[PDB]
Structure formats: structure tokens, C-alpha cells
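> piece number one of the complex, untouched:
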Amino acid sequence: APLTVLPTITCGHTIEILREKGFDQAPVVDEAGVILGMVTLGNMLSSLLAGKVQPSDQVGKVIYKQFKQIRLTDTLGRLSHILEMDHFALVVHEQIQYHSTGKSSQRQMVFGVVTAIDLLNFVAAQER
């Protein structure tokens, strides 16, 4: 998940950055680090051609708001159970940043977006 976008970015802005680097999708995160959802290049193109959004419109209207957080340690079996209810499973990581053992803070970030397509491709490729 090399890059992420704030919800305020425009669809036209999002289209170029994705295509100039080839990524089909990017997570949406606010300034603090709260994950807001997932947005995909294909949907933006289809929506723009459908007229539901203009290139100047913000991505917040196209974002997918439903997803499930998962962590690296979880098994693929756990992931398969998750994928039966949500399309996107976001591999999040959490860190507690301390100042004086009283003033703690939490930080998080996204590193991979995995779907049933990705899982099946991994299984088929690794099956040797």
C-alpha cells in the first residue's frame, strides 16, 4: 500500500496519481490516521463516465465505506471468514506512542488491501 489519499482530494486529482504509478486502488485516511474506506481507479472512471461525479468532485462520494480491519498475525482461515462478509480486508498495524506513561497516544497505518481474488491467486500460485 505505497500511497494513500485524504477524503478531500478530487476525483480528477486521484485519477492521475493512480495511473501515473499504476495502482488500481488506494486507501483513504484522514490527517490524524483514521481509515475512512477504500477507493478504486476503476469505479472512478466508471462513475465519471456515468456522470455521477465530476473530476472536481471529492472522492468522498465514491469511497467504499465498508471494510474489515485485520492484522498480520491473523491466519488466512480467519481472513476467509472475514471475506464472507466484507470485500476489503485492510491489514492495519497499531503502535502506542508514549510520553510519560500517562500521556499515551495511538498511531496506525495501512499496508495491504486483500480480497478473495488476491487470496485465491496466492493459493493457486503457491500450490506446487
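Cool, got the structure. Numbering: from 1, shown residues only, chains lettered A, B, ... in the order given.
> for the residue nearest the centre of chain A, helix, strand, or coil?
When Cα atoms, centre = their mean is applied to chain A, the residue found nearest the centroid is residue A:27 (3.0 Å). Recorded secondary structure, residue A:27: strand (DSSP: H, G, I helix; E, B strand; the rest coil).
> Who does it form a beta bridge with?
residue A:38 (DSSP bridges).
> Go ahead and confirm it touches residue A:90.
Yes: with contacts counted by Cβ atoms under 8 Å, residue A:27 reaches residue A:90, the gap being 6.8 Å. Placement of C-beta: from N, CA and C, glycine included.
> Between the two, which contacts overlap?
Common neighbours of residue A:27 and residue A:90, using Cβ atoms under 8 Å, 6 or more residues apart in numbering, are A:35, A:38, A:110, A:113.
> for those, which one is nearest residue A:45?
For the shared contacts of residue A:27 and residue A:90, the closest approach to residue A:45 (Cβ to Cβ) belongs to residue A:38, at 15.7 Å.
> Just give me the neighbour total for the closest one.
Close neighbours of residue A:38, defined as other Cβ atoms under 10 Å, add up to 21.
> Touching, it and residue A:63? I think so.
Yes: using Cβ under 8 Å, residue A:38 is in contact with residue A:63, at 6.9 Å.
> between these two, what contacts are shared?
Shared contacts of residue A:38 and residue A:63, counting by Cβ under 8 Å, 6+ apart, come down to residue A:28.
> ok, the shared contacts of residue A:27 and residue A:90 vs residue A:23, which is closest?
Among the shared contacts of residue A:27 and residue A:90, and counting by Cβ to Cβ, the member closest to residue A:23 is residue A:113, at 10.3 Å.
> Sequence for chain B below, add it please:
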Amino acid sequence: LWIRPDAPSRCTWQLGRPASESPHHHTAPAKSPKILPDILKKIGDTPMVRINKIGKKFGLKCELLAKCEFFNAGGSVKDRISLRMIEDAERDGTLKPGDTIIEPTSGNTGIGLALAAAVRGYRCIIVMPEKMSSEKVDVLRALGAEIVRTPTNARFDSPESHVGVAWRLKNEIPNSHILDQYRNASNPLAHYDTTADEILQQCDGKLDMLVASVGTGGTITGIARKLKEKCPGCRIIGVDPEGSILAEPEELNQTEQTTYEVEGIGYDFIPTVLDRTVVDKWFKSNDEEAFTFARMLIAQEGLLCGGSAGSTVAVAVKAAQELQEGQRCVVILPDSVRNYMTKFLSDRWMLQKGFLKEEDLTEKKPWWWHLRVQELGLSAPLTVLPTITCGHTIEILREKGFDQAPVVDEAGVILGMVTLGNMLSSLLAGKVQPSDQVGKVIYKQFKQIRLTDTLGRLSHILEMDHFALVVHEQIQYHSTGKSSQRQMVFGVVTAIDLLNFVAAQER
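Just below you will find chain B, in place on the chains above:
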């Protein structure tokens, strides 16, 4: 005016003539005193080392011996000649105290002359091609010698070749002398007097084959002459790198390129001191096999030698095949590895030069070499600011059982690492009070790695740093113009963790 280095030798030596007819002043080797008046007396008496594994690896039935000449004061077989020529010039009155010495060299002779001059106060000017290593330049700078460089591909007859530049300098600087190792009889004479005698005494006067690399030709020339006078049965084998013309018959020298990485051997002309008539047979060698055999020598025999030694051994493993059990072979190892630290001794340099292939490098590696870092068990649940006090960190680490935690600033920049044990020891030793900040204990040195990297890259990193931090970078966009960068730490992997993982996966 100018005297060429390729001029035919005026020597009248021929096999069978008696030594009493020699115009030259031979010096009988003598036992040095228990205390050396100067470092220059630690030249000669070099050891003979039996090669144990390489001969078996290449099916040699004969005993293989190495004349490790890289143990001299200057680390070369060119210290002998430097001392001999300086002594002969002093004795003949050609060279006076405080004079200036100019010598065109490949670096080893320059180092020897610089050392002798520094000991004895002479001024030294070294003319050295560009391709020679920078380690020689550093050593010469330390010894106080002046260095002049010449193009690698310049022809010897050109006015800007090392010999030509030396000649031009001599005509300019007054009270200057050129010893001209390419023409001085002292070069081959030193070997004929000392090295051949050492070889014969160490071998008890019995040896069947001798292999030596050829530069100026003195090393092989004097040894061959003395041996043919004393041990006629010895076969003399010469080594000349591809791109040179020393080797005969001329059919061996047919090649398209004349540039080679090996240093100190091979020339575009026949030196005067080189007597090709005493060399029984010649072999050509290439840089790849030379460096491969040098690395093999270092790894299997402990001989810290250079590329020329590798070429010599590579030729010897072929030449000695004609020998049988009970016979003996001798190879001369000219110089040490000190002059090639950033050269073949470095894997990066070999890969850049193409002497090593990824297939060859990885084929010898363990099974886990290609696994990616993500397969490890790694986590960084918490991190701390540099401003937190020591005792506070002790509490937050002990309450959760973690032994270590990264240190990251407010903006997310990684500053280093801290460990519970180090802080506890410092508190016991009084180096830090509990209220003191962790910044006085944090480990500032670490290396960033990414999840996609292999375990081999991780090991290579760990050979230089204790902590390898698995860092991931995310770039956040606002309008394609206001980009921002974010990063976070996941796993701190050390050699301990990697070996524990290897052991666990091995069962």
C-alpha cells in the same frame, strides 16, 4: 638521449659459464641480527607454505608449495629489488644522500622505494598508471612519496607513459636518478642471489616445477637462471595475462583487448631484464580465474594474497597435471591483499566487473537465503519519544514484558532504539539517573529494511549493524501537489532472531 626499456639485453650469460666471470657484485645472504637496525632488514627469509586443499580439489598428485613473498616489510616481492637497487646505487656512488628517486612502477616497487627513502631520507617520486588501486596511493602518501599518474592505455613509447613521464621528470628535476627496474641488473640479481637460494634451501635443492607471474621478468629470470645452474631438472613456467605480449610463441597473444584488471603483471613490451629463453613454457590467464583462485586461497588456505598469486595458482593447477606422486611444485605469491581491499576482496566490485554471477553466488547459500523478511515473527507494539525519562520507560516496558522499543519523534522520524537491559545496567552503574532522558542511552545506529527484502540482504545488513528496522513508507496526497510522507516501524530483527527463526523452521 632517452634509453628505451625494451632494448635487447647486452648480457652475455649462458648456461654452464662460471660465476667467477660475472661482472656483477653478488651479495651472499647472511643471518640478520637479533635486533634489526632498521625495518629494511626484515626482507627475505620468507616462508614456504604447503598448499593442502586446492591441489586435491583439482587432482594434483604432486606436492604444491607457495613462496609467500607478501610477508616482507612492504608486503611485496618488490621490496627485495628496491633495497638491492638502492644499495647498488649507493655503493657505485651514483646515488648520494638527499637525492631524488624517480621510478615508474605498478605501485609495489614504488612502495618499497618510498619505504627505503623514508628510512634513509631520500626524496621519492612515483609514476604509477591510473588503474592501480587507491590503497597503494594512500600508503605512498603516508610514506611521504610524491605520486604522478599516467593513462592506463598509453603506449610505452609514448611521451606520457610512466617510463616516459619518469624520463621527462628526471631531465627536469636536478640531482634526480631513475633506477629503471626494467633495465637494472639489480632487479633479477636480487632474486638470483636471495630468492633462489631460499627456495633451494627450503626445498633441500630438489624441485621439479616452478610457476611464477611475469611483470618486469626479474623474478622468474633470476630464479630460473640459478635453478638451471643448480637444479637443471626444474621446469620453469611463466604466466602472462591476456592482453600482454610477453608470452611466446606469439600465437598465444592473439586477443582483441589489452586492458585487464590484474595489477603488476603483463606489459606491452619486452623488458630488458626478462630472459625469455630460460622459460620452458608459458600460460595465459584471465582476471576472472585469477580473482576466483585468490578468493579460494584466502578462504581455504589462509593466504592473504592478491590477484597475481591467483593467476599463478590457476596456471599451476593446470601445469602440474603432468606431474605424479612424489614430485614437487613451487608457486610465487608476489603481494598481499592490503592493496586490494576495495577490489576483488569486495563482492560488489566483482559483481560490477562481471567476475561473479548471481547464480554462482546464491547456489552456495543456504535454503532460507531467498525467503522474504515478512515471513519472520516480528512486531513493534509500542514506541517512545526521545524525551521520556529512563524510569518511565522501565515501567512501561516491565509492565508489558517487552525488552526493547523503538524511539520515534513527534513527526514520525526514527531516532534509534533503546533496550531495557542497557537502561537497567546504566542505572546500576550510575551513568544516568531515573529522571534523565533516554536520549543518552538510545542506540543511534540502525539500518532501515523493507518487508519485501530477502533474508540474505538482511544478513548482509546485519554484518554492519546490530538492528535492522523493518520500515514501511506511505505517501499521503492532497491535490497531486501537496504530497506528504509517513513511515512506521514494525520489526527489529537481529542475528539472534534470524538464527532462531532458521532453527525453528529447520524442524
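> and the neighbour count of residue A:38, now that chain B is part of it?
21 (other Cβ atoms under 10 Å in any protein chain shown).
> How about residue A:95?
21.
> Distance from the chain centre to the helix or strand encompassing it, please.
In this structure, residue A:95 sits in strand A:89-98 according to DSSP states H and E. Mean C-alpha position of strand A:89-98 versus that of the full chain (Cα atoms, centre = their mean, to the nearest Å) differs by 14 Å.
> Which residues in it does the neighbour count mark as buried?
A:89-93, A:95, A:97-98 (16 or more other Cβ atoms under 10 Å in any protein chain shown).
> how about the residues of chain A near chain B?
A:1-6, A:8-10, A:13, A:16-17, A:29, A:72-73, A:93-101, A:107, A:109-111 (Cβ under 8 Å from any Cβ of the partner chain).
> again, only using 7 Å
Chain A comes close to chain B at residues A:1-6, A:8-9, A:13, A:16-17, A:29, A:93, A:95-101, A:109, A:111, as judged by Cβ under 7 Å from any Cβ of the partner chain.
> quick one: contacts for the closest residue to chain B within chain A?
Per Cβ to the nearest Cβ, residue A:96 is where chain A lies closest to chain B, at 4.3 Å. Residue A:96 makes contact with A:104, A:106, B:381-382 under the criterion Cβ atoms under 7 Å, 6 or more residues apart in numbering or on different chains.
> hey, what's it bridged with?
residue A:106, residue B:382.
> Any chance of the backbone angles for residue A:53?
Residue A:53 adopts backbone torsions of phi -150, psi 150, taken as degrees, to the nearest 10.
> Chain C goes on too:
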Amino acid sequence: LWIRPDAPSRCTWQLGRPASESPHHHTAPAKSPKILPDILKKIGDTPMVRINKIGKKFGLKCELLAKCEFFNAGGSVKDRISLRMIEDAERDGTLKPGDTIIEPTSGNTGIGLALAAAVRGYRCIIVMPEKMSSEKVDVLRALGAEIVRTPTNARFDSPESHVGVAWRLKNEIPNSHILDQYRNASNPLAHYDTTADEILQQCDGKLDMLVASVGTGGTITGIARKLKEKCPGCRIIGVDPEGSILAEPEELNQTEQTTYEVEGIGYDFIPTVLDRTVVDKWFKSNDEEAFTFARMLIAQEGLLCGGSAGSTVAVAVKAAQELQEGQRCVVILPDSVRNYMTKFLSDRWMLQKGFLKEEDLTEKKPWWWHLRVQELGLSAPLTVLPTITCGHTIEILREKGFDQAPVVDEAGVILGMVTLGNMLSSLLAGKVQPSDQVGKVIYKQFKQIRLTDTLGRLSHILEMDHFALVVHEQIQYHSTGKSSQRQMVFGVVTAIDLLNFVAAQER
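Time to bring in chain C:
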């Protein structure tokens, strides 16, 4: 479970006791054979070299001698102990063929153990702090040893110190042994058996002062014990770098910083093998004087030694002041310069570290050092394209009398240089036909310099390249957005031109 390296010594040795009570297996030094079965036998019998100039420079009335231990196979005084501990482990049955050896070292002992293991097939794992030079890492990689790094500032009692990391590895890897030079009696025993005997025989059993650097403490400990048993009148002098606690009385160790660049000496704890009771007096030393004296040794005596040798000599020049004519001093030089090629041996590193000042560096330089390049007589009337043929260039150069001309492309990019003599020689040798392009003869290697630069910078450049091209850059503007770059060649200055200018201006 864990055994500390600072534990008090259980040895019961005291002056006057007879050797017959020693539990240890002493090895009597013996003459090596004329042919060494392996490189490991070339350890010991190191030379003693008289220091000639430094003593006079610092007003020493006594004879100063150097025990040059950097001539061993591994280039260190830590090869002796490596061999001795390996042999003792083999004899006692603790170590078996094919075993794995783990040793926490500063690099020299690691190199010795790696060499011995490669010769004998053992697996070697080296735990070395981060501050040690990369040359040691390269040598260890060549020898096939596995390398683990630890933080420089980690306390010895910490779990990630070199000793602690070695202990952790041993408990993990099966069939692994730690020789523990900090506790092994073999470390001091090797010196007590071989080095002290060599010193006594070389000195004829008469010496008044001995100066040695202190790391593990075995080198000084064994030598002092043997000398006090045999030559009680010798004063034992220890050297401990600033930032360490080995030196006593404790008043000498009061310093704010514990990080020092010198390698292999000084520790944050008292090793078990170190017997501080036999050391008559202690001296502290700093990195600056150590490296200064190492450079002075290299430049004035020809001894290619490291920083620890410099510290030892710096302390000796002070300690020996109490001596008078007819007395003798001995200093131990542990390691060679091979391990510090990019370190103090490099002027850039010293300037970066602050051990050298521009005032000191330039004060020794000639009068013309600070003159700017523009003061030279230099001109480049013509240049040629790479596509021109050889004969055409011969004609255009001979018709005007110029011997050389730069090569520049259409856009103005400099491609190198060509010379009349080289082309003529190539035509005579047949390497190029007259119709062939000059690109096969051009010198591709050159360095760009600017008119404002000094002649010292020019000389430093000339130590690495033959041609220094005086290039000037002009940037041409259209609208503050469409910038363009232009450059042109003025003067090709070599060492010949610089020395000719110096000679002309000297009259």
C-alpha cells in the same frame, strides 16, 4: 548460568613461586620446519626493530625498540592467542572437528580465529562492535566467517553486548563453543610462553622498560609476569585510552566521554586475565596523539602499524624520559595498517574527525601550495570531435606544433583527450589505421578543475589522474525558466607542467 568476563581471577600466581606448580600446559617454543605444513606455523619469531628518529625528535637518551607483531599471518598480535586457545581446546577435548566457534572480539582475534578455522574446517561466528573498521569485515567475509555486530555504547553487562550476544548465540546453536579470550588462561599464557621469551632472547635478557597497550590484558600480563620472574628490573608501563577504566589509580579515568576511535584497546570492565598488580604505572592516551604518532611512525621509520602502536609510542616517549644513556625500552606494536586504510591513513577522515587542522596540514607545505591555478601558463587553442580520423588529427597537430588537444562533442561535452605521440606510436604499431577514428585512442579518464582552485588541490587531483582539465561553466538564460549550460576547456595541466612552473618561478 552465564559467567561474567569481569569475575575476579582465581589464579594463585605470585612472584617467586616455581613453574613446577603451574597447573597449565606450557608449550616450549620450537624451531619451525623449513617447509610450513600450514600458514598457522608462521606465527611468532617476530622481529625487533630499533626506533631511530622519533627518540631523537623527543629527546630520548635510551635505546627504543619495537616488537613488530603485525607481521604474523593474520597481521596482529592476536593470532598467537587464537592458535593457542584453539590448540588447547583441541588437546583438552572440549573442541571437536566441525564444531562452531563463537568469539566476541574487536576484529583481530576474530580474524585469527577465522583463519585458523578455515585452515582446520571449523565454523566461525564473530561478534564485533559497530565502530570497528569495514576492512576487518571484508577480511572476515573472505575467510568465510559469519559476522554479528553489536552497538558500540552497549554496556558489557547488557544482553546485547558482544560478550552477551556471543553467550546468547552459544545457548542457541548446538555444538558451539566460546573460547572467551577475556577469561581463557591461554590468552596470557601464549604471550608468557612465546612473546616474553622472544623479547628476552632478542634483548639478551636485558631491558629496563616495557610499554604495551591494554585490551584484554593478556599481552601485558604474561609479558610482565615472565619478565618479573626473569628480569625483575624492568618497569612495566600500561596504556589505556581515555574513556576506559582499566587504568589505575581511578583518578586517571575521570573523563566525560567513553567513546574513542582507537580500536582493540580499552574496555568498560576489568578482564579476568588482566592482572593489574604487575603493572608498575599507567598512562592515558587520546585518539589525536595516537594517530599522529602512527602517521609519524609510518613516515619516518617505515613501520606500517595501527593506532594502538601510535598510542604505545606516544606513551613511551614520555615514560622513557626518566631513562638515561645505555638503557633500553621496548614497545609492542599490535596490528598493521591493513585494518585502517580508509581510517586515519586517510587525510579526509582525520579532517572530518578533527584530528588534523588546516593550519597544521598547510604549514608543512611548500610556498606555492596556495597559489591559484590561473597563475599557470595554460591554453587550449583547439579541440576536435571524436569522429575525426587519426591522420587528420596528426596533420592538424603537426601543422601548428601542438602536441595534444582535447576531444569535445558537438554539444560541448568533454569526452577525454588525445596526444600526438600516442597516435604516432599506435600507427607505427598498427593498432589503428590512419582512417580510423580517434575514439580508439582518446584518454577517457580526466578530472575537471576550475581556475580559482589552488595548486595543492591540483596536486591532490594529479595523484589520481594524469590530466587535469581547467573547465569553466557558463549558464545561459532566456526567461528565468529556460536555462541552458555551456562549458569550455582552457588548460591541460599535468605534474610535468606544475613542476616546470615551480622551477621557473623558483628562479
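> now that chain C has been added, could you go back to the neighbour count of residue A:95?
Residues near residue A:95, counting by other Cβ under 10 Å: 21.
> residue contacts, it?
Residues in contact with residue A:95, defined by Cβ under 7 Å, 6+ apart, are A:107, B:380-383, B:488.
> Between those, which sits nearest chain C?
Distances from chain C to these, taken by Cβ to the nearest Cβ, are shortest for residue B:380, at 16.6 Å.
> quick revisit: assess the claim that the residue nearest to the centre of chain A and residue A:38 are in contact.
Yes: contact criterion Cβ atoms under 7 Å: residue A:27 and residue A:38 qualify, at 6.1 Å.
> wait, isn't residue A:44 in contact with residue A:62?
Yes: shown here, residue A:44 and residue A:62 form a contact pair, counting by Cβ under 7 Å, at 5.6 Å.
> isn't residue A:58 right up against residue A:8?
Yes: using Cβ under 7 Å, residue A:58 is in contact with residue A:8, at 5.7 Å.
> Name the residues of stretch A:4-13 that are buried.
So, applying 16+ other Cβ under 10 Å, buried residues of stretch A:4-13: A:4-6, A:9-13.
> Number of residues surrounding residue A:116?
There are 13 residues near residue A:116, going by other Cβ under 10 Å.
> likewise residue A:44?
Residue A:44: 21 neighbours (other Cβ under 10 Å).
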